[PDB]
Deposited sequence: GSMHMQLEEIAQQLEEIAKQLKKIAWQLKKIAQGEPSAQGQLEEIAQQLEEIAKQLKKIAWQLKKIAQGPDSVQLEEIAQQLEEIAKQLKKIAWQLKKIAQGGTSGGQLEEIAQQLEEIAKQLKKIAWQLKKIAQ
């Protein structure tokens, strides 16, 4: 039950990161008339994702188990990583006035997607 505790802790940290990024995106949207709506939607999406990650972390904390549950979990993380990649790409397109910050945020999101995919894989290896 060691890395599962560790995995859940990493997931809690990532949820916090996603909340901070959602706030950042709202602030950017205040100063971008041409994409504000889109950015606000994305921030909402991110806040919802943070909630799901918190839920998942909770579940991991309890199971730390059954190869069944863990399998179902690492599946969800792969889907969330895909969603984050899509968000990173839309932020990339939006970036193309103050869009350097948007590029950096998308980069953070793609790295978070990578960390999530790796966590899914370490889960499946645990399973």
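J.: Got a list of the deposited-sequence ranges with no coordinates?
T.: Holes in the chain trace, numbered from 1: 1-3, 68-69, 102-103, 135.
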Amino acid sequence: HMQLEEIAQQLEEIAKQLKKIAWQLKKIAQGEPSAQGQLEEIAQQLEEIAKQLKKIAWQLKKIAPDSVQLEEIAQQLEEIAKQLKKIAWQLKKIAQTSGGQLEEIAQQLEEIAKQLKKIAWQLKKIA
From here on, numbers count along this sequence of modelled residues.
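J.: Between 49-57 and 67-75, which has the larger average Cα B-factor in the PDB entry?
T.: For C-alpha atoms only, the mean B-factor is higher in 67-75.
J.: Look over 97-105 and 78-86 in the entry and identify the one with the greater average Cα temperature factor.
T.: Of 78-86 and 97-105, the stretch with the higher C-alpha B-factor average is 97-105.
J.: Hey, what third does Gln115 fall into on Cα B-factor, ranked over its chain?
T.: Middle third.
J.: Looking at the temperature factor on the CA atom of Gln10, which third of the chain's modelled residues does it land in?
T.: Its C-alpha B-factor, which the entry lists for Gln10, ranks in the middle third among residues of this chain.
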